[PDB]
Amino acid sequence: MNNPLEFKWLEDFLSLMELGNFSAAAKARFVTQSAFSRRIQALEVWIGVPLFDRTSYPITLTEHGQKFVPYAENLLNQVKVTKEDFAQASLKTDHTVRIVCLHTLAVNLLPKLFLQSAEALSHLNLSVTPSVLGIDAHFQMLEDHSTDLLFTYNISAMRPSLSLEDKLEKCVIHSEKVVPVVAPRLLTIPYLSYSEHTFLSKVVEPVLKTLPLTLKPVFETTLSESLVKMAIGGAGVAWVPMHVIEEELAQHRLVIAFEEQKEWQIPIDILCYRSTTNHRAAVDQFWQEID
């Protein structure tokens, strides 16, 4: 089960039909002339007959290519209509702003931002979900406009893929440190860690061999807010972003470990991304406020 139709071939066929020239069509499809010739060939293998005569000038349709024209458009339009009909299903209303961020930004940063701008945003219905699908999946949704903004850290692992950068705008929301914290009682030490897969594990783990203490891992999760609850409860040392523990540091239920050894801290920037082509007014009024 692996000779499937690839829809890209349908556009390749339409482009060569219209332009009559392998070099021009490849350019219009953003691929090398060889990539493009191979794709047309793969289409012809799949449909089973040659669609183009290469011995005429310019390239023309065969008898079979003529017959195939309505089949190519028919499918291409069905995919388009499918994409368009469901593009609006994400939108409750045209004044709702769809937002994806790290869980700890969904609980600490985003409400603080709306609440501070509550009057200037009072007409907007924010819809806030945490990042859970994988960084590339969420950026694809941003580019497709099924998501309006994306709040991330400026870590390497949360960068948008290189092919996508040109299509996105980003602004900095503020700067921060990831710092180690414990409850007042302090001295081997119980370690409260990020699961090795998630984004913050890669920021913190290199810093940790510089550490002089042996670390007794007793709890790992993916969410900073979970580590914070255990650090409060006296369970170990965790690395957490500062603007997760503001009042906790004030109430002295937590305190920074080796406070004046700033190189066991990691500076990070909170980023907000949008698609340059997403011109929905509700999204624009929101972006104007936090930027």
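Throughout, we count residues from 1 along the sequence that is shown.
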Is there a break between residue 187 and residue 188, and how many deposited residues does it span: none, 1 to 3, 4 to 9, or 10 or more?
4 to 9
Do the C-alpha atoms of 14-22 or of 275-283 have the higher average B factor in the entry?
275-283
On mean C-alpha B-factor from the PDB entry, just flag whether 102-110 or 169-177 is the higher one.
169-177
Maximum C-alpha temperature factor, selected from 93, 82, 127, 161:
93
Between 31, 47, 240, 250, where does the Cα B-factor run highest in the record?
250
Third of chain Cα B-factors occupied by residue 71
lowest
Record-listed C-alpha B factor of residue 150: chain third
lowest
Among the chain's modelled residues, which third holds the C-alpha B-factor of residue 236?
middle
By its CA B factor, does residue 144 count among the lowest, middle or highest third of the modelled residues in the chain?
lowest
Record-listed C-alpha B factor of residue 262: chain third
highest
